[PDB]
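Examination of the molecular architecture
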Amino acid sequence: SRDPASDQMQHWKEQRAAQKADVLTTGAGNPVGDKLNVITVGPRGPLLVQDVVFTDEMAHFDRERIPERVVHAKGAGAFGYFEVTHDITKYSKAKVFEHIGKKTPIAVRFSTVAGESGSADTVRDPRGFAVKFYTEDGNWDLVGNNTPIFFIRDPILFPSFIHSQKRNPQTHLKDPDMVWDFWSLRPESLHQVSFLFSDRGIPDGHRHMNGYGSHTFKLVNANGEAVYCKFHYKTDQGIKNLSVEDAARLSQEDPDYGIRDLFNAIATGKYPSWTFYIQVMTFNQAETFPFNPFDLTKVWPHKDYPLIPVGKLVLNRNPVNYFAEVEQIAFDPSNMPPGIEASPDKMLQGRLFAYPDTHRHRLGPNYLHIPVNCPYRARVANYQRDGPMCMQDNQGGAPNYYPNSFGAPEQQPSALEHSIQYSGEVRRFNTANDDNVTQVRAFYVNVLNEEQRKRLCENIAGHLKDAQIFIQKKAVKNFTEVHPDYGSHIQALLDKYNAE
Amino acid sequence: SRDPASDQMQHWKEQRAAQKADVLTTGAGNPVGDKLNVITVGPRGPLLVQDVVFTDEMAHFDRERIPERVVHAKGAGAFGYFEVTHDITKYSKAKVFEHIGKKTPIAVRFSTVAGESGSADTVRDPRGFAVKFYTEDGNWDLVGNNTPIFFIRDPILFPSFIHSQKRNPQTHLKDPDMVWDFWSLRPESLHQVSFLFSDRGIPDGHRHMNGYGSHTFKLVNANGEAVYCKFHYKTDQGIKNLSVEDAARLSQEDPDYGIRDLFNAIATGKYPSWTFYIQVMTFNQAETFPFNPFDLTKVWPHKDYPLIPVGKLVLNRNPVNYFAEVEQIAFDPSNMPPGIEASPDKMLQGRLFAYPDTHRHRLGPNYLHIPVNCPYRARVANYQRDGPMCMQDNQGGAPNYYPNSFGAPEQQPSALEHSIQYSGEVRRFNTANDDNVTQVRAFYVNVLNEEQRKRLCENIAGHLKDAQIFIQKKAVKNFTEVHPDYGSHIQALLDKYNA
Amino acid sequence: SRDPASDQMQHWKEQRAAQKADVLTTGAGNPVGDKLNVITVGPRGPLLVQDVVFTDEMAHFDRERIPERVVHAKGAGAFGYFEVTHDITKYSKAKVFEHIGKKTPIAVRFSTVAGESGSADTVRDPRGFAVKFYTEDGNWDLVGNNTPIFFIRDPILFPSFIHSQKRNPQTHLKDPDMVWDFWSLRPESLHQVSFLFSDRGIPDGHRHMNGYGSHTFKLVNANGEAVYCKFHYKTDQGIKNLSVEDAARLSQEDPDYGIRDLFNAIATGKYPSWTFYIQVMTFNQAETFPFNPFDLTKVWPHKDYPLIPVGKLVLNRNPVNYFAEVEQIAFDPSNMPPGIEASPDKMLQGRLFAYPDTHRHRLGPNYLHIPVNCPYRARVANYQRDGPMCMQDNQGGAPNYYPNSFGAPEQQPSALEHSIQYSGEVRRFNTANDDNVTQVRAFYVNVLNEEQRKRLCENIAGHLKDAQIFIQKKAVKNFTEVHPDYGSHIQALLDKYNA
Amino acid sequence: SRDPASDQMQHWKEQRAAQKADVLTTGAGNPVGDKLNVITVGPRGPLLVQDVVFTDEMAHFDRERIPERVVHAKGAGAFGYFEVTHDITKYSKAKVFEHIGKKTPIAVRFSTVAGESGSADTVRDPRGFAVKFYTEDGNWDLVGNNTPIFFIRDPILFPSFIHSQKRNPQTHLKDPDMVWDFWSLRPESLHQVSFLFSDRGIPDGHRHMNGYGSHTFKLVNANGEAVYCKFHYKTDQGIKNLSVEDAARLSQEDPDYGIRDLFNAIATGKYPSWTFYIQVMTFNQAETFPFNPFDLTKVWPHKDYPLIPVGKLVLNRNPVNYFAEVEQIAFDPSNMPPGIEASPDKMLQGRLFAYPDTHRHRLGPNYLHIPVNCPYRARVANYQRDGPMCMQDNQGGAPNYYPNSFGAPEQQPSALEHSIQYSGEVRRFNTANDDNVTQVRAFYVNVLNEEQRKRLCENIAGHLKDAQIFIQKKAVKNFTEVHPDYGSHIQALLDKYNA
Ligand code: HEM
């Protein structure tokens, strides 16, 4: 008897008490007489095409892999439910918040960012925290990170930013030169960078980290009244991080540390919890705000905008088949039921398209048919048909054009989006200098203390030292802008490494 | 009011008595407030990405199409069942023939060959007749034509043959030069060609034609006793053909004539029936045979090898969704359950690979998950895992390696194939001159009569006339070899057009 | 002898003078000893996997097909060039209009709409006229129709519209009930419908018809000044249309009529020509305009906005390989270089996404790498990388992020788009009643005459008759709205067939 | 300053002396005015679809990934050439061995086995060593490992094996239970296992390990004379392995150790070298052979079958774009030009299908079009056409069927394969007990010494200990068979960890 995660097979066999083994068939259901030997003419003769038992299995085996997530490749999954503990209907009408005590099945997948499919879990990198709500009014995907902000505030830079974080095109190796060249050119990433290289940079598992929606969403109540908000879910298991020494060791001792940890916790009745809160901001305050409420590189102070309890997030069920329930799960930020809408956030606007579009590539056009993704707690009925690998009945033989005089599904005028009044030219408004220091300075100071500030600079210089000097300079100048000590301290550390 | 096929929508609505209209939702299940208008900034402003309702619908619509079958593109489908009427267990042990009265669900798809997705039904071209059996011991796919023979007897020429029958690479139009060049170079196709251009060349619907497995298959009884055979299923609706004049008209009047014809039949309780027969040849007669018993360009005479009743084939249900139940159904000749095996037939040997292979591209690696294809009458339990669009539970968390000491599915020693002894060199044995006239002559003479003979020659000349002269010559030479009158009669008609 | 199209193979062979035949290799380049026979153990033995020559060919053959266009499936292509004859640089700064006498290689593909890959050419249906300009400032695609307007003015209905125009979900047969139920619910379709069922409904070939960009575009000169416009290209061969009878016959006699006709013309130095014109409208008139200048269901009168000659369109080259140069060619209405931009036109706004989106599914994510589609007359240099089937050098080992301090490509501030001021709410503005009879009436009256009016109603009634009475009424109510005579005349004809 | 590998971007910038930066364009070649800001209505307004610049870049970025190799995912690549140093023409007629001094361009990709794309290099696992020769007679792919043998000898077990080597279906974590349960059930794996857990198990880079073809191949000379053989390429840099402690540290310090190490070597004119040898066995000795000459779990003793020098392998060129030149390169063992053929080896037989098949899925049906894969030193001319992403001219408008009378490519009777006479029943001959200890016992003793023995038993026990007891027992049992001391020693170590 070892950890539950190790006795998977042992427990699976223990479930089959007196039941005899199933009959080994092919793909079509035909039984196999011998699957341990290939057909040949003579004991030492060639293999003939006749062996359809071989090909069948082989062929499929040849198609086991699928393209990995362009980002957030390495991750882990689990299931549970979401419970409403407080009434916040005066803000949103969403069926998911209907009444207290209302439980809604959910799905969650944690992950890293730049790391590829075989990468290690315990490494400095933001964390992925996506939640899928199977509500009556359709599925609701809340794709969030473990940090309330981000490096850039314009989607048009994302493809590049990520490129910089990955491997070099020619060498296929991590390139500090790329990582900092971009960062040193986009001083807006300062905030997030400070947060990334801090202690929260390497959480001690998926259960010891918080979660935020990150972007600014919009909420609408049964009276068409709208208000902005931010989603936050605090770990009831406490915030815990691994030291640079431990993460590095575990990095190779157990690359799937995060995976194992989560699985064993659940398998042993140690179901992980998270508390759901929302920060509210009326339209009025939205203006008075000293910054761009929709600037992903900014946060909403808890003093002027306190968190409001909403419910609880609980994970009490591991997946049965990783590939089918995790690797295949897809979250779409556009999946928002009535009561929840988007906002003028550029990064959010650009995300409304990237995901569904990429899913049609990674999984397929009809990826919403795969169980995990299928909105079973709803009733899909529209005018879409066909597509490769079309499961179900393709909606049978119902009219496939709207409108029509034959009782086919109709639109519901109560599901209408909220309307806002905008005005101005239609152009590319430069947001490069939307103040990339203030909020950062307040963080380096008040938020952190001596120890942290020291460790932080250390963490940074340890990495930034491996870049060219001309890049090192730019970065420091940006850091100095945040605070004179923030810059110098790093400079001092670099001089040491640069020395020898 | 009108034919049931025309009142589809009307009947669908009629089925919804008091029921109210379902709520229109996006793909994720989210309800729509208005699907008749896109979101814009101002009544005359641009469109914004925010409208996911629009993109959701559009995006999917942009991915409705899938690659059509490389062959037998235009077809029709229907469902029914197979019923055993006579006991033939002394030949095969297949669970499908188990006991008399045993009914097994089946699927059928009729089709043409060269014609693309938008082609017309009533056209001179072989007909496709595939039957999928959902038996306990797995799915059984009997893919067959409406003709007992074929043009070539070697798979390595199929790709070319089909090419010659399709459009020209540069112009994209049917090229008579291509069609006859290949045929004039492969006299073995004479048999099938003679069949093709005869009256049966254009059946009057899919219900008035017979079906054959064509290939020589092997049967294995409960005692490891093997014997060869050939499947035949006769139309209980009689054999009817359309005249050149009629087929031409219908070719444009109603291109989907076949589809509509079948659909209304079933819809009107006029369920089509087919009688199942099998020709048995023992291993002994297998040698005595004057030809190659596995030669696809040769038939088994009903005199020496009479048909043996097996059962009935009935189609009593139209598909609910064409794309889902028909355009997506896949048939694999490899799908043969215990009791039925393949044979040394080259053309079939090459067919054992091509289908499953082509299916993984047309539909996908896990196409066997698509309902119509999934062998629901059996229990799939192996060590295959993953693959794009993986439905089901991927077999859950069960051992994924054989062997193993954890109770995973095991092989069944009783499903072992039948063993045969072979011997000789492993090379490319030329089968180009395996006699391409003997049976063909006996066809042109005894099988047909004055009228048919005349019409046939006419049908041929009418087509071959559009090809180059030097090609015409070669073809005539090959016909003359079948029968002196066969050729000359053609040559005569040709001179007229050519003149 | 015969037409150049029929003697394809012949001329190809004639091109190989004393040149000996190339050596037949496999896929990887290895020579083939015999491709006419498969490998087996003994003459009558089974086939073995060893024969990779067989599999290599067979497999590929099993993957020849690819999803056909979701719309405008059946088409024909040709190549030529565009030449500027008049100076309009005072309107647009586009490099393609740079100076008079400037020639720019082009690509063109004609098509139908609902008809699948196998359908016939000579059929009542709007025609597709796309043009690809291989300019220095990138490729510019001018995806147009043979009609200046369309059935609907909102993209969110298109999916549905094309659905109704196609096959029934269950029967898979054209369904008049759908076709008219939709049209009868969207009176905005009247205009185009009236045009479609007119004599221009079935052009005699692709060379005897006009083309228009249909949508309203925006033009910007070297001084940031922008004006709206509409593209029209008239056939220098004249407007010719086949009669109902003729088209019907040809619909089956030669389903590739349009393909054959165009190929031969080019083949015999009868290079088809079209003249390029443009309708200009300043921002001022854009307001005064009694209608919505961006309403695809409207037209700009020639009296108020005359056509202005710009250049000539010449097709002087047939494709060498249909599949490679035509079936694979992709047009993106989004591909507009500096000097030409989009407009508030909802229909056009939605198209900006639909095309590139579907191309990545039909052909692949790197379809811009396919020769015909690649913008060879320009230098592609960005930060995009990887992707399935990545041809070229994936841009070598260059910085793949922007910005950077390493010399990678930089943005050109001279290629900025034109900025326009907007304002208002962001919602779905209902544009279902933007007047659907005023211009339509002006067409039925002044545009046509006695004959055409008679023929039109005839054409319509002949079709709308096969629909359900309750549906028949609706349509008529709509036609009566356009003109009392328009509706009644149809009504009269209907009562006849309904009898 | 730093290693060449780190100063990539720097050196690329250096190459661009006085040249200005290229113009940043979209996919279609259209220039971009600002790629640092998305278009929105007002500074804080929503984003609109008009931003094709955004969508273009975005959409593509969304399709950057492609399925990774099912096996050997984490690897490195490089280019160089092969040079014949010795004459062996008396054995094979392959154009690559033509004459001494003949240089042929080659491609190489080294790799691990179970580890995924992001895994670490310095890990205990066999090493991938594939070579692609761009010969005149087509491409020749010699796909080999760093070990001369393998765990299993029948391909039908491969899928399972690899399954056991990877992650658990439920937990997704390596499962020592799976790894050993299979291994303990297939005693034939012993040989390879012993090698894997020896010091050669974790090579210090790709340049310090040897390469073998592993399988038994057949050679044919100009006079149809055939002999069997084995391929071996020793490293001219000597064999060097990292310690368990060292590999463990590098395993996290630099997971791309192997990639980096190789790149730099080449970048600093330290071009790695490998010598090519072959082991010949006539048909006669093939029989007298105490074992099955085609048993992949056996090796050919250098005393009875000495290495024969053939040439030199050199790698003098790094890739420019990893994705394009390395991640996309595909090696097909089937690719073997005249002179080199396969053998009855079951493991090889099954590989003749697996690769070309898996490639058609991972890259595409026309993957042989991607440069690195295209056989540029040969002329591809066959009868294959179409296929998704069809680059080139699809062979233009040439006859697409065989045979034909128009000068299309023709087969070369001199490229016919070598024929062998086989005899016996066609069934699944069990090969589970083909002696799994003899050659292993010889390895454990004479091959290794005290140190190695101890270190091997150590390395094994270190891993085998994390498996269930019952599994531990079976393993030891198998080990004991090899040699009493082999098993006991392991039993000893085990007892300690177990207690
Ligand atoms: C908003 C409505 C429309 C939508 C969403 C739409 C969508 C499409 C799509 C998805 C394709 C398939 C592209 C491919 O796979 O190659 C297509 C092709 C085509 N469409 Fe439309 N279309 C619309 C309106 C029109 C109109 C009004 C015209 C003419 C101005 C037109 C002319 C064509 C032509 C010529 C093609 C063939 C281009 C090619 O082969 O790539 N379409 N359309």
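Judging from the entry metadata, X-ray crystallography is the method by which this structure was determined, and 2.75 Å is the reported resolution.

All right, on to the sheet that holds strand β13 (residues 421-427) of chain C then. What the 4 strands build is an open sheet, ordered β1(B)-β13(C)-β12(A)-β1(D); its pairing is antiparallel. Each edge of the sheet is formed by a strand with only one pairing partner; in this case those strands are β1 (40-41) of chain B together with β1 (40-41) of chain D. Sheet analysis places strand β12 (residues 421-427) of chain A next to β1(D), joined by 2 bridges and oriented antiparallel. Across the sheet, residue A:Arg427 finds its bridge partner in β1(D), namely D:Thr40.

In this complex, chain B contributes 104 residues to the contact, which on the side of chain C involves 100 residues. Note on chain B versus chain C: buried area summed over both sides is about 9300 Å², and carbon and sulfur give 57% of it. It is B:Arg65, B:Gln170 and B:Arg428 in chain B that bury the most area against chain C; as a group they hold 9% of the surface buried on that side. On inspection of chain B and its partner chain C, the count reaches 8 salt bridges. C:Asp256 serves as the salt-bridge partner of B:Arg167, at 3.1 Å between the closest nitrogen and oxygen. Linking chain B with chain C are 44 residue pairs in polar contact. For the side of chain B that touches chain C, the element with the highest residue contribution is helix α10 (residues 346-362) of chain B, accounting for 8 residues.

For residues that are not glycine, phi is negative in most cases, and the peptide bond is trans in most cases. In this model, A:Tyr402 is joined to A:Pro403 through a cis peptide bond whose omega is 0°. Take A:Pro403: it is sitting in the loop between α10 (346-362) and β12. Going from D:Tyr402 to D:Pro403, the amide bond is cis rather than trans, its omega being 0°. Considering the arrangement of structural elements, one finds D:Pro403 in the loop between α10 (346-362) and β12 (421-427). In this model, A:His72 sits at a positive phi of 55°, which is unusual for a non-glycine residue. When you line up the elements, A:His72 lands in the loop between α2 (52-61) and β2 (75-84). In this structure, A:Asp435 takes a positive phi of about 70° despite not being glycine. The topology assignment puts A:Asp435 in the loop between β12 and α11 (438-447).

Attention now goes to the relation of the copies chain D and chain C. Mapping chain D onto chain C is achieved by rotating through 180° and translating by 0.0 Å along the same axis, at an RMSD of 0.1 Å. The operation mapping one copy onto its partner corresponds to a two-fold rotation axis. Closest to the rotation axis within chain D is the C-alpha of D:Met389, separated from it by 3.6 Å. In this assembly, 95% of the residues forming the interface of chain D have copies in chain C that are likewise at the interface, indicating an isologous arrangement.

Residue and element names in this part refer to chain A. Under the domain assignment, chain A is made up of domain 1 (1-65), domain 2 (66-149 + 201-374) and domain 3 (150-200 + 436-500). The straight-line distance from the C-alpha centre of domain 2 to that of domain 3 is 26 Å. On the side of domain 3, 23 residues touch domain 2, which itself brings 30 residues to the contact. Approximately 2400 Å² of surface area, both sides summed, lies buried where domain 2 meets domain 3, with 57% of it carried by carbon and sulfur atoms. Here domain 2 and domain 3 share 2 salt bridges between them. Measuring nitrogen to oxygen at the nearest pair gives 2.6 Å for the salt bridge that ties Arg-167 to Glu-116. Remark: the boundary between domain 2 and domain 3 carries 13 residue pairs in polar contact.

Another aspect to go through is the environment of A:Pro169. With respect to the helices, strands and loops of the structure, A:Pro169 is situated in the loop between α3 (158-165) and α4 (176-185). A:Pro169 gets classed as buried once you look at its relative accessible area, which sits at 12%. Leaving out residues up to four positions away in the same chain, A:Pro169 has contacts with A:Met178, C:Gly396, C:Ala398, C:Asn400, D:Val320, D:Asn321 and D:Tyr322.

Further remarks concern the interface of chain D and chain C. Accessible area lost upon the coming together of the parts serves often as the stated size of an interface. Taken together, the contact pairs 100 residues of chain D with 96 residues of chain C. Summed over both sides, the interface between chain D and chain C buries roughly 8800 Å², with carbon and sulfur atoms accounting for 60% of that surface. The largest per-residue losses of area from chain D upon contact with chain C belong to D:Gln384, D:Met389 and D:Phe406, which jointly make up 8% of the total buried on that side. Connecting chain D to chain C are 4 salt bridges. Between C:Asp56 and D:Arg360 there is a salt bridge; the shortest N-O distance is 3.8 Å. Where chain D packs against chain C, one counts 38 residue pairs in polar contact. Breaking the side of chain D that touches chain C down by element, the ones donating at least two residues are α1 (8-15), α2 (52-61), β5 (138-145), α9 (322-327) and α10 of chain D. It is α2(D) that provides the largest number of residues to the side of chain D that touches chain C, a total of 7 residues. Among the residues making up the side of chain D that touches chain C, the classes are represented as 49 nonpolar, 32 polar and 19 charged.

Using the criterion set out here, one finds 150 salt bridges over all chains in the structure. A:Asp121 is the partner of A:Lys74 in a salt bridge, and the nearest nitrogen-oxygen pair spans 3.0 Å. One end of the pair, A:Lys74, is in the loop between α2 and β2; the other, A:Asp121, is in the loop between β3 (103-111) and β4 (128-135), and 47 residues separate them in sequence. By the burial criterion, A:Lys74 is buried, and A:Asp121 matches it. Two residues, C:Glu57 and C:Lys35, come together in a salt bridge whose shortest N-O distance is 2.8 Å. Within this pair, whereas C:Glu57 is found in helix α2 (residues 52-61), its partner C:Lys35 is found in the loop between α1 (8-15) and β1 (40-41), the two being separated by 22 residues in sequence. Each member of the pair, C:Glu57 as well as C:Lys35, is classed as buried. One salt-bridge network, in which partners are shared between bridges, spans A:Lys74, A:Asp121, A:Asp256, D:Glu116 and D:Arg167.

Within a sheet, each strand pairs with its neighbour through backbone hydrogen bonds, oriented either parallel or antiparallel. One open sheet holds the 4 strands; their spatial order is β1(A)-β12(D)-β12(B)-β1(C), and the pairing between them is antiparallel. Each end of this open sheet is capped by a strand with a single partner; those strands are β1 (40-41) of chain A together with β1 of chain C. Taken together, the 2 bridges between β1(A) and β12(D) define a ladder with antiparallel strand orientation. Its bridge partner lying in β12(D), A:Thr40 is registered against D:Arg427.

All names here are of chain A. Here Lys-102 lies in the loop between β2 and β3. Residue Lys-102 is classed as buried on the basis of its relative accessible area, which comes to 9%. If near-sequence neighbours (up to four positions away) are discounted, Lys-102 is found in contact with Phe-82, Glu-83, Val-84, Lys-95, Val-96 and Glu-136.

The element helix α3 (residues 158-165) of chain C is extensively covered by neighbouring structure, given that 7 of its 8 residues are classed as buried. The set of residues buried in α3(C) consists of C:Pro159, C:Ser160, C:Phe161, C:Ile162, C:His163, C:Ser164 and C:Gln165. Next to the buried residues of α3(C) lie α2 (52-61) of chain B together with α4 (176-185) of chain C.

What follows is about the UniProt feature "active site" in chain B. All names here are of chain B. Residues annotated in UniProt with the feature "active site" correspond here to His-72 and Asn-145. These annotated residues cover 74 residues of sequence, and their C-alpha atoms all fall within 10.5 Å of one another, placing them together at a single site. Here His-72 lies in the loop between α2 and β2 (75-84). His-72 sits in the partly exposed class, given a relative accessible area of 22%.

Grouped together as the largest cluster of nonpolar side chains are 121 residues, with contacts concentrated most on B:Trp180, B:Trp183, D:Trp180 and D:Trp183. If sequence neighbours within four positions are ignored, B:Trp180 has contacts with B:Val193, B:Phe197, B:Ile460, B:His463, B:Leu464, B:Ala467, B:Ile471, B:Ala475 and B:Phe479. Membership of the second largest hydrophobic core comes to 116 residues, among which are C:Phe161, C:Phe182, C:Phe353 and C:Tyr402.

Each value, and the rule that gives it
Residues numbered from 1 in each chain as written, not as in the entry; some residues may be left out. Chains lettered and ligands numbered in written order. Heavy atoms only, no water. Residues with missing side-chain atoms left out of burial classes, pairs and counts. Pairing = 2+ DSSP bridges. Helix = DSSP H or I, 4+ residues; strand = E, 2+ residues; numbered from the N terminus. Contact = heavy atoms within 4.5 Å. Buried area = accessible area lost by both parts, 1.4 Å probe. Salt bridge = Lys/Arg side-chain N within 4 Å of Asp/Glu carboxyl O. Polar contact = N/O pair within 3.5 Å; in protein donor to acceptor, adjacent residues only side chain to side chain. Least-squares fit on C-alpha atoms. Domains from an automatic or database assignment. Buried < 20%, exposed > 50% of the residue type's maximum accessible area, 1.4 Å probe, protein only. Nonpolar A, V, L, I, M, F, W, Y, C, P; charged D, E, K, R; others polar. UniProt positions renumbered as here; feature names shortened; annotations may be inferred. Core = buried A, V, L, I, M, F, W, Y, C linked by side-chain atoms within 4.5 Å.

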